[PDB]
Amino acid sequence: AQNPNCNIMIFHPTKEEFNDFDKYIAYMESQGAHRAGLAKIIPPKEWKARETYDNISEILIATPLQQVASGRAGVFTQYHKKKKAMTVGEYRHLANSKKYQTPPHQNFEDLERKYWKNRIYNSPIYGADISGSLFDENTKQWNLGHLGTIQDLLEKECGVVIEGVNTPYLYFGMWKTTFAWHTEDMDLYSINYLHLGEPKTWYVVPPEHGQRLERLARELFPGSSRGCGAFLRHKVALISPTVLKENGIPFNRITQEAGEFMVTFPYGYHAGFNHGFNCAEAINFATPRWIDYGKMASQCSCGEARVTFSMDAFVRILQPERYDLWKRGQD
Ligand SMILES: O=C(O)CNC(=O)C(=O)O
Ligand SMILES: [Mg+2]
Ligand code: NI
Ligand SMILES: [Zn+2]
């Protein structure tokens, strides 16, 4: 069995290997990459996403979200308070302000220490989940707006044509902006390209051990767990690496820098934080190997998770027994 310790693998595809996206995902899996839940892909030196980032300031962040924490430093939830619209230029200035800017630090490990010590005492503002793309239309390799769609994959594998669309999303971050512990909708893959700016640190639990994280989470957030049998779908709970280690939860960590891709694999729980002002693009995707995970994915039906239009067909076709309850949670 390849990668039996479930380490995060880093790949350096050549320009030739960068042509065929599906083929390379399958290659990474042949080497055991998916066992970690997360892989990093460093693009060949010949590749670029676009020519420059000099002209992005006028993008609108219609609903910036202030991420307010509750709990203790290593075990907390966050809620998202909606703020007034602002441009990316305005958001960048805010991120760089004394109130929000990254503190002085020695290295990534020092900044990680500072994150986990102090995150809860601040409320950073995240420009998350903005439909759009920063890839140039002429970028033919690993262009996240040009991937094969999940509806087409489902139709190819299973024969059923379904409604729905699959487009990318932009994320504008600042110091301490946080992504809570989650797997993707329907336990899909995700891919995330860090276009510009400061790094993103990731934590990940191997898919084969995801239920260990779920059991810890139920213990640590006992009210939330009574409320919903899949409350991590709410995407609000944080647990620090120190707490995970104290509880024997297998995990790994890695820092993504600008110009690098990360892929999350089906049922790979992940969480993390941004180091300073940055912009990432991400999308969900599927492969043949996903279908079995999609059939078994948990679902939130309590009303909280509320998701895209396109998840309806995935539930309907892959989880017909669950569909009526889930759709009620949508309504
Ligand atoms: O970058 C973020 O805030 C969160 N991203 C992801 O969870 C992802 O790409 O799957
Ligand atoms: Mg612009
Ligand atoms: Ni994710
Ligand atoms: Zn729920």
Side-chain angles (χ1 to χ4, degrees), residues 8 34 36-41 50 52-62 64-65 67 78 80 85-92 95 115 119 124-130 132-134 136 142 144 147 150 166-205 207 210 213 232-238 254-258 260-286 290 293 297 305 307-308:
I8 298 167
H34 56 294
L38 183 67
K40 175 177 292 194
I41 309 91
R50 68 177 304 109
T52 83
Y53 291 88
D54 291 338
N55 307 118
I56 68 168
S57 302
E58 313 304 309
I59 291 172
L60 191 69
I61 305 171
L65 301 177
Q67 302 188 293
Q78 57 186 12
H80 293 171
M86 75 181 77
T87 66
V88 162
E90 291 163 341
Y91 178 85
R92 180 175 62 230
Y115 174 87
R119 158 69 185 97
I125 293 167
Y126 204 0
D129 287 319
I130 295 161
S133 186
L134 291 173
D136 181 320
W142 286 57
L144 299 190
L147 302 178
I150 299 160
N166 176 204
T167 58
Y169 296 89
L170 300 177
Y171 299 79
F172 292 94
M174 68 168 63
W175 169 233
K176 285 170 174 173
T177 53
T178 300
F179 52 110
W181 281 106
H182 69 284
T183 63
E184 303 301 310
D185 290 343
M186 215 70 187
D187 296 346
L188 281 159
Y189 294 73
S190 67
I191 181 164
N192 180 301
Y193 181 67
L194 190 51
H195 279 284
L196 65 94
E198 303 317 305
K200 188 189 294 287
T201 291
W202 299 67
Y203 305 90
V204 59
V205 175
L213 183 69
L232 293 176
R233 292 288 169 206
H234 306 168
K235 309 194 300 184
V236 305
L238 278 303
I254 194 168
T255 299
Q256 178 192 20
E257 298 186 77
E260 303 178 340
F261 290 90
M262 303 300 296
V263 165
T264 84
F265 294 88
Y267 198 60
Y269 275 103
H270 55 283
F273 63 89
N274 295 307
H275 293 207
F277 170 70
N278 64 18
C279 171
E281 182 171 340
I283 199 177
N284 297 118
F285 72 91
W290 167 69
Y293 289 88
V307 304
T308 184

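Just so you know, residue 1 is the first one in the sequence shown, and it goes up from there. Below, all heavy atoms of this structure are taken into account, side chains as well, without hydrogens, waters or symmetry copies. Note that ligands are numbered from 1 as they come in the structure, with each ligand's atoms numbered from 1 the same way.
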Asker: For atom 1 (O) of ligand 1, find the nearest protein heavy atom and state the residue, atom name and distance (0.1 Å precision).
Answerer: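 So the nearest neighbour among protein heavy atoms is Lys200 NZ, 2.9 Å.
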Asker: Looking only at heavy atoms, is any part of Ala282 under 4.0 Å from ligand 1, and if so is it the side chain, the backbone, or both, or is it neither?
Answerer: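 Only the side chain of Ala282 comes within reach of ligand 1.
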Asker: Between the side chains of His275 and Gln256, does any donor sit under 3.5 Å from an acceptor?
Answerer: no
Asker: Please name the residue in the list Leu134, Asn192, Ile283 that meets the side chain to side chain contact (heavy atoms under 4.5 Å, CB included) test with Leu144.
Answerer: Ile283
Asker: Starting from atom 6 (C) of ligand 1, which protein heavy atom do you reach first, and at what distance in Å?
Answerer: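 Minimum-distance protein heavy atom for atom 6 (C) of ligand 1 reads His270 NE2, 3.9 Å.
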Asker: Minimum heavy-atom separation for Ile125 and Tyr91, please, with both atom names.
Answerer: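 Shortest heavy-atom separation between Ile125 and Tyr91 comes out as O-OH, 2.6 Å.
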Asker: For atom 10 (O) of ligand 1, which protein heavy atom lies nearest, and how many Å away is it?
Answerer: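 Minimum-distance protein heavy atom for atom 10 (O) of ligand 1 reads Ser190 OG, 2.7 Å.
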Asker: Side chains of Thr87 and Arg92 only: does a donor on one sit below 3.5 Å from an acceptor on the other?
Answerer: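 The answer is no; no qualifying pair exists.
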Asker: Which pair of non-hydrogen atoms, one from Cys279 and one from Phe172, has the smallest distance, and what is that distance?
Answerer: SG-CE2, 3.4 Å
Asker: Which atoms of ligand 1 are found less than 4.0 Å from any heavy atom of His182?
Answerer: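 Per the distance check, 7 (O).
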Asker: Per the ring-ring contact (aromatic ring centres under 6.0 Å, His included) rule, which among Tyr171, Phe261, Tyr169 passes with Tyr193?
Answerer: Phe261
Asker: What about the rings of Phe179 and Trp202, do their centers lie closer together than 6.0 Å?
Answerer: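 They qualify: ring centres under 6.0 Å apart.
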Asker: Which protein heavy atom lies closest to atom 3 (O) of ligand 1, and at what distance to 0.1 Å?
Answerer: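 Scanning the protein heavy atoms, the shortest distance from atom 3 (O) of ligand 1 goes to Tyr126 OH, 2.5 Å.
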Asker: Step through it carefully: locate the ring centre of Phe273, locate the ring centre of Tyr115, and say whether they are under 6.0 Å apart.
Answerer: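 Close enough - the centres of the two rings lie under 6.0 Å apart.
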Asker: Have a look at ligand 1 and work out which part of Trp202, if any, has a heavy atom under 4.0 Å from it: side chain, backbone, both or neither.
Answerer: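 It is the side chain that gets close, since no backbone atom is under 4.0 Å.
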Asker: For the Ni ion (ligand 3), which protein N/O/S atoms are closer than 2.8 Å?
Answerer: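 Listed by chain and number: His182 NE2, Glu184 OE2, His270 NE2.
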Asker: What are the two closest heavy atoms between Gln78 and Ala180, and how far apart are they?
Answerer: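 Taking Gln78 first and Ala180 second, the nearest heavy atoms are NE2-N, 4.2 Å.
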Asker: Would you mind finding which of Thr177, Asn192, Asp129 brings a heavy atom closest to atom 9 (O) of ligand 1?
Answerer: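 Considering heavy atoms of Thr177, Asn192, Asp129, the nearest to atom 9 (O) of ligand 1 sits in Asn192.
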Asker: With side chains defined as the heavy atoms from C-beta onward, is the minimum distance between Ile56 and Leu196 less than 4.5 Å?
Answerer: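 Yes - at least one pair of side-chain heavy atoms lies under 4.5 Å apart.
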